[PDB]
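To start, the structure itself, in C-alpha cells.
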There are 4 protein chains.
Amino acid sequence: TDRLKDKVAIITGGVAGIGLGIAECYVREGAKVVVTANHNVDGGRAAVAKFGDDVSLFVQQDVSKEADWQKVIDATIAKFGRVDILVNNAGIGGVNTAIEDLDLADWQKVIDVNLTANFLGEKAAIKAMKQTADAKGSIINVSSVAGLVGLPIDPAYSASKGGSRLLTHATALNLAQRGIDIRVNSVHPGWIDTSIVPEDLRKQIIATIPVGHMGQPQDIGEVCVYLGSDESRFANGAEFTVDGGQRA
Amino acid sequence: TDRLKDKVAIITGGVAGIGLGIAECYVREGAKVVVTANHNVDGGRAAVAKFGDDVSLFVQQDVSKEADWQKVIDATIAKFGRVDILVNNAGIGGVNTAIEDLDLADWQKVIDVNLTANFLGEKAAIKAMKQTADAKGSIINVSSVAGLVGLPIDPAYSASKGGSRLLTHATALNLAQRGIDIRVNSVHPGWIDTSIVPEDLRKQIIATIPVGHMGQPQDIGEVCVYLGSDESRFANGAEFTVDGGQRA
Amino acid sequence: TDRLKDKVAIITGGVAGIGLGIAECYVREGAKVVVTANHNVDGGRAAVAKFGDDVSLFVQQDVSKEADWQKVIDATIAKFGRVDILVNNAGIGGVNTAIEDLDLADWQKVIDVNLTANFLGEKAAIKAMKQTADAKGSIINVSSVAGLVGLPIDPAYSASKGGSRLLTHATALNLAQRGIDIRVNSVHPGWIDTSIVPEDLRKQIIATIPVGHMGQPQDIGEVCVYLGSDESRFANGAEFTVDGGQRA
Amino acid sequence: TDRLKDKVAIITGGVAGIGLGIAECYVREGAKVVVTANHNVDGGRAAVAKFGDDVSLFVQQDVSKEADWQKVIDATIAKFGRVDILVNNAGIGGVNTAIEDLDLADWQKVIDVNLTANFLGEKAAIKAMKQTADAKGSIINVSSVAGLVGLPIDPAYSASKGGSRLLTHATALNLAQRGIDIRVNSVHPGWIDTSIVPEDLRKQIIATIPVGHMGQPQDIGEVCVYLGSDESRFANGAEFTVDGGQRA
C-alpha cells in the first residue's frame, strides 16, 4: 500500500517547514529520504532521529555549490544505493527594497540559490538516475506563489521564480525528446503556516488567501507524493499549484 | 488505502475512455460512483456490473440539459444519500472547418455541451453538497489540452475550453469568498489512448507528444483521486495538467 | 501622414467611453468609422457630429444578434464601400452574486453578449473583408482585465472572458492555416475612467492599480491604432494588455 | 510625424538584425539613438554613417558587464544629455545539446547575458532617468518566442527567457508602487528574417509559423515605437508578442 515503496528521495531544505512536511509524507509512504540543509545541523539531526536512521540520512548542503551536489549524491548512493526522486525545495525569500538600489551581489546570490541551484540539482539527479535507477525518476522544482506579502516587486526573487518555471519545462522536454523517462515538474505552495509572525502581517497574509487561512507543510507533501510516485508517469513539464486560490 | 472512503462521486461521461479510468480509480479507493453517459446504455450497465451495484449506479444524462442535472442529483441522493465529488468529464471534440463557414447552431451546440454544461453541473453539485454534505466538496472540470491533432484552429472548441478554464477559477473564488469549503479545480489530459481517438490520426498525434506515446485513462484517474480526496484540501482554483509534456 | 489612411473600421460600443476613445484615435489617423451602440442614438448622433458625416456613420446594433451583424456590414459597405477593421468592443459587466444562485437565463445572456457576439462579428467581418478588402484585414477583440473590483468571482463574466481570449487565438490560426491574411488579436484594458465606472467603488478600484490611477479611453485607442494598421502585419493571435500594471 | 520627438534611446545589440530594425524606426520617429554591440565595430560605424553623427552614437558594450553599463550611460549623457528609453535587445541564442551534459560555465554565460544583463540595464537606465528625465521613462526587454527550431529544450535559454519575463513584471511594479513613472514592458519577436538565417533551416523555421513566413526587423521596431512613446503611458509590466501566431 506504500505509495513510494523502495523509492529513494533527496529533499533539499528538507529539515524544516515545507521541506520537512514533504519528508514526513515521503517516509509515511515508504520512501527512504536524504534531507539536506545549508546551516541547520540541529534540524537535520532531529529529523533523522524522528524518521530513524534506517530510512533517513542528513547531509549538510549549500545548493548553490556544484561540489555539494556531488557530495550529496555520493552520500545518498553510499547509504541507500540509488536515487529515484529529487525535490529541489531549498530557497531564499524576497525583500521589498527598490530595484535600482539592489547590489549585484545580492541579485546574484538569489539567482545562485533559487535558479542556478535547481539546474545543478537536475543535472546531478539525472546523472545519478541513469547510473542507479535504469534512467528513470522524478524531479520536482518547488517555488512559492509569492515571496512577499504585497505586490510581487522583488526583481531577483521573481526572476528566479520565472526562470525556474521555464527551466522545468525545458528540462522535461530536453529529456523527453531523447526517450529518457525522467520527469520534471514544478510545485507552487501558497502561504504555509511554518512560523509565528506579527499579527498585522499575518492579517495581511491571510487577506491575500481566498480560503481565508494558511496551508500546512503536509499539503505540499501530498502533491509531492503524487509527483514522486509512478501514479504520475504521464505528468511532465507541468506546474502544480497548492495555494488556497491565491493566484486564481 | 481507501483514499476516498465513503465519498460519493458523480462522473459524467464515465462509462468509456478517460471517464471510466477515473471511475476505476475512484472505486479502487473506496468511493461510491454514479457514472453517466448520453448515448451509452450498454457501457453504463457493463460498468455497474464490474464495479458492483452496491458501490456504483448508472444514470443516462445529456450534460447540456438542465433537467438532466436534477435527474442525476435526484438519483444520486436516492441511491447513496449524498454528493461529495463531481467530475465534469463529458464533452465533445473539435473540428477542422473554416471559422467563417461555421453555422451559429453548430457554434452554439459546442458552447452548450463544453462550457454551459459545466456551469449547470457546478451549480447542481454545489446545491447538493450544501444540502447533504455539510457544504463541503470537490468539483473537477476536465478539459483536454488539445481537441485536434495540429494547430488549435476550432473557434468553438477553443472558446469553450478557455471558458471552462476561467469558470473554474471564478467558481472556486465565488465559493471561497463566502467561506464555503467546496473546492473547484481543472484537470487537463493530453492524448489518452482510447477508442475515440481517430485511427487515421494516431501516428500523427503521437508526433506531437514529447514523451513519444499516449497516456492511459487511469493516468487521469490518479490525479482525480488526489483532487477528490482531502489530501488536496488547499488545492483550489488551480489547473492540473497530465499530458506527457504536450503543452510544456 | 495618417497611420490608418484609407482604412474603414467598424467599432461596436463606439459612442461612449473606451469605444469612443478608440473611434477618436481612428478618425485622427485618417480612418473612416462606423460606430455602433445598442441603445444610444443620442450618443451616436453626437459622435458623428464631432467627426463629420463624411468620415463617420452611426448604426444601431445589438451585437448578440446575427441579423444586426448583417445590417451593420451592409450599411458600412453602402457608406464606405469596404471593411478593413473590426473592433469588438461592446459588452456587459460582471455581478457579485452566488454561482449556485445564478439563473441559466442570466448565465446565457452574458455568454450571448460577451462571447458568442464576438464569434458572430468575426464571421461577419471576415466575409466582408474577403468580399471588399482582398481578403485582408484586422479584427480586435476587447475584453477588460477585470469586470469587478474584488476577486474575479463572476463565473459567466469570467467564462466569457476566458472564452473570448482563446477564440482570438483559434480564429487567428484558423485563418492563417488557409493563407488568409486577416489578423485577429485581443486588447485588454485595465480600469479606464469613464461614466460607466460605479461612483461608489472608484476609490477601492484605484487601490488595485499599481500605477495609482485609472487610464483614459484614448490609451486603448492608441494600441488599437497599432493593431488596425499595417504596422502590426506580423502581430497575430496575440494579447495586448494596457492596464497600468493591473495583472502584472 | 515624430512620435519619439526629442527622446533619447539606448538600444543594445542595435547595429544588426532586429536591434537595427528598432534603431531605424526610432530614428524615423525623431529619436536620438545610442546603439551598442559587443563585437561589431563595422556594424556600429555603418549605422552611425547611415543615421548621421547628429542623431546617433555607437558605443562598444558587453551587456553582461556592470562597468560597461556605466560607460554607455556616461557616453549617452555626454552626447545627448539625457536618457529616455532603454531597449534591452542584446542576447545569446539557444543550443540543442543535452541538459545533463551542460557545463556550469556555459549555463552561467547564458544567465549572465540573457538575464542578469537585463537587470543591470534596467538599474542603470532607472538611475539615468531619475537623474536626467525627471524620473520618467520606458524600458523594453526583448526576448524571442523561440531560440531553437524544434521543442524549446534549452534549459539555460528558456530559464533566462522566463526569468526576463518575470523580471519585467516585478521591476514595473517595484517602480509603480513608489509612484515612479518609469514603465517596463517586454517584447517577444517570432522568427525574423535577418542575415543570420541559413538555408533549408528556413523550411523548418517557416513550418513553425502559422502565417507561413518570417517577419521583418521593422516589425519589431514598430511595436517598440509604441512602447517607447507617450502613446503607451498606461501599458506597464505587460508582454507584447509579434510572432505571426507562433505561440498562439
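Sort through C:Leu57, C:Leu115 and tell me the only one that's more than 25 Å from C:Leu4 (Cβ to Cβ) and touching a residue at least 12 places away in the same chain (Cβ under 8 Å). Break it down stepwise before answering.
On the way: C:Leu57 fails: more than 25 Å from C:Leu4 (Cβ to Cβ).
The match here is C:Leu115.
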query = Quick one: is A:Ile18 surrounded by 24 or more Cβ atoms within 10 Å (Cβ to Cβ), touching a strand residue (DSSP E or B) at 6+ places or on another chain (Cβ under 8 Å) and within 14 Å of chain B (Cβ to nearest Cβ)?
reply = yes
remark   = B:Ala170 meets each of (1) in contact (Cβ under 8 Å) with a residue 40 or more places away in the chain; (2) buried (at least 24 other Cβ atoms within 10 Å of the Cβ); (3) farther than 16 Å from B:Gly91 by Cβ; (4) not aromatic (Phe, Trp, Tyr) with one exception, condition (1)
query = Is the stretch B:69-83 home to any residue that is within 11 Å of another protein chain (Cβ to nearest Cβ) and under 19 Å from the mean Cα position of the chain (by Cα)?
reply = yes
inquiry  = Which numbered condition in (1) surrounded by fewer than 21 Cβ atoms within 10 Å (Cβ to Cβ); (2) assigned to a helix (DSSP H, G or I); (3) not acidic (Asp, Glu) is the only one that B:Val27 fails?
reply    = (1)
task = Find the residue count for the stretch C:121-144, including only residues that are within 12 Å of chain B (Cβ to nearest Cβ), outside any helix (DSSP H, G or I) and surrounded by fewer than 22 Cβ atoms within 10 Å (Cβ to Cβ).
result = 1
inquiry  = Which count do you get for residues in the stretch A:71-115 that are more than 23 Å from A:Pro217 (Cβ to Cβ) and not hydrophobic (A, V, I, L, M, F, W, C)?
reply    = 14
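I need a count of the residues in the stretch D:1-15 that are among the charged types (D, E, K, R) and surrounded by 21 or more Cβ atoms within 10 Å (Cβ to Cβ).
Within the stretch D:1-15, the subset among the charged types (D, E, K, R) is D:2-3, D:5-7.
Now restrict to residues that are surrounded by 21 or more Cβ atoms within 10 Å (Cβ to Cβ): D:7.
Counting residues in the stretch D:1-15 that are among the charged types (D, E, K, R) and surrounded by 21 or more Cβ atoms within 10 Å (Cβ to Cβ) gives 1.
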request  = Please specify each residue of the stretch B:85-108 satisfying the condition of being part of a loop (DSSP other than H, G, I, E, B) and crowded, with 23+ Cβ neighbours inside 10 Å.
outcome  = B:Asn89, B:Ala90, B:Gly91
request  = Might you check whether a residue that is acidic (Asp, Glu), within 22 Å of B:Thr168 (Cα to Cα) and in contact (Cβ under 8 Å) with a residue 12 or more places away in the chain occurs anywhere in the stretch B:22-29?
outcome  = no
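Do we find that B:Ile209 is under 23 Å from B:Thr76 (Cβ atoms), outside any helix (DSSP H, G or I) and in contact with a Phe, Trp or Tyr (Cβ under 9 Å, 6 or more places away or on another chain) in this structure?
Working: under 23 Å from B:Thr76 (Cβ atoms): no; outside any helix (DSSP H, G or I): yes; in contact with a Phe, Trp or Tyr (Cβ under 9 Å, 6 or more places away or on another chain): yes.
Criteria not met by B:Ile209.
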ask   = Any chance the stretch B:197-220 includes a residue that's within 7 Å of another protein chain (Cβ to nearest Cβ), farther than 17 Å from A:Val184 by Cα, under 14 Å from the mean Cα position of the chain (by Cα) and buried (at least 22 other Cβ atoms within 10 Å of the Cβ)?
value = no
request  = Starting from the stretch D:231-248, keep only residues that are within 15 Å of D:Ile192 (Cβ to Cβ), then list their pairs with residues that are in a strand (DSSP E or B) and aromatic (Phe, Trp, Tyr) whose Cβ atoms are within a distance under 9 Å, requiring at least 6 positions of separation or different chains.
outcome  = D:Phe240/C:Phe240; D:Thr241/C:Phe240
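Within the stretch A:145-166, take every residue that is part of a loop (DSSP other than H, G, I, E, B) and surrounded by fewer than 24 Cβ atoms within 10 Å (Cβ to Cβ) and give me the one that is farthest from the other protein chains (Cβ to nearest Cβ).
Within the stretch A:145-166, the first condition is being part of a loop (DSSP other than H, G, I, E, B), and the residues that meet it are A:145-154.
Now drop any that are not surrounded by fewer than 24 Cβ atoms within 10 Å (Cβ to Cβ), which leaves A:145-152.
Numbers: A:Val145: 10, A:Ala146: 11, A:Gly147: 10, A:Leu148: 10, A:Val149: 13, A:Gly150: 8, A:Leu151: 5, A:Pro152: 6 Å.
So the residue we want is A:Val149.
In the stretch A:76-94, is there at least one residue being of a type in the set (A, V, I, L, M, F, W, C), in contact (Cβ under 8 Å) with a residue 40 or more places away in the chain and more than 30 Å from A:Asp181 (Cβ to Cβ)? Give the steps one after another, and end with the answer.
In the first step, residues of the stretch A:76-94 are kept if they are of a type in the set (A, V, I, L, M, F, W, C); the result is A:77-78, A:80, A:83, A:85-87, A:90, A:92.
Still in the list and also in contact (Cβ under 8 Å) with a residue 40 or more places away in the chain: A:77, A:80, A:83, A:85-87, A:90, A:92.
With more than 30 Å from A:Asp181 (Cβ to Cβ) added as a condition, the list becomes A:92.
Yes, some residue in the stretch A:76-94 is of a type in the set (A, V, I, L, M, F, W, C), in contact (Cβ under 8 Å) with a residue 40 or more places away in the chain and more than 30 Å from A:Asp181 (Cβ to Cβ).
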task = Considering only residues that are outside any loop (DSSP other than H, G, I, E, B) and within 7 Å of chain D (Cβ to nearest Cβ), look in the stretch C:233-248 and name the one that is farthest from D:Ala235 (Cα to Cα).
result = C:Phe240
Selection within the stretch D:10-36 - out of contact with any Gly (no Cβ under 6 Å at 6 or more places or on another chain), closer than 24 Å to D:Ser144 by Cβ and small (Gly, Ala, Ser) = D:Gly14, D:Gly17, D:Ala31
request  = Collect the residues in the stretch A:31-65 that are part of a helix (DSSP H, G or I) and surrounded by fewer than 15 Cβ atoms within 10 Å (Cβ to Cβ), keeping them in residue-number order.
outcome  = A:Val41, A:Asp42, A:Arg45, A:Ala49, A:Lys50
message = If I ask for residues that are within 14 Å of chain C (Cβ to nearest Cβ) and aliphatic (A, V, I, L, M), which ones from the stretch B:170-196 would you list?
response = B:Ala170, B:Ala172, B:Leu173, B:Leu175, B:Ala176, B:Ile180, B:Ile182, B:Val184
query = Can you name the condition, by its number, that D:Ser229 falls short on among (1) buried (at least 23 other Cβ atoms within 10 Å of the Cβ); (2) more than 12 Å from chain A (Cβ to nearest Cβ); (3) among the polar types (S, T, N, Q)?
reply = (1)
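In this analysis, Cβ positions are derived from the backbone assuming ideal geometry, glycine residues included, and neighbour counts consider all displayed protein chains. Read the figures in this text as sums done on the coordinates, not as results from a lab.
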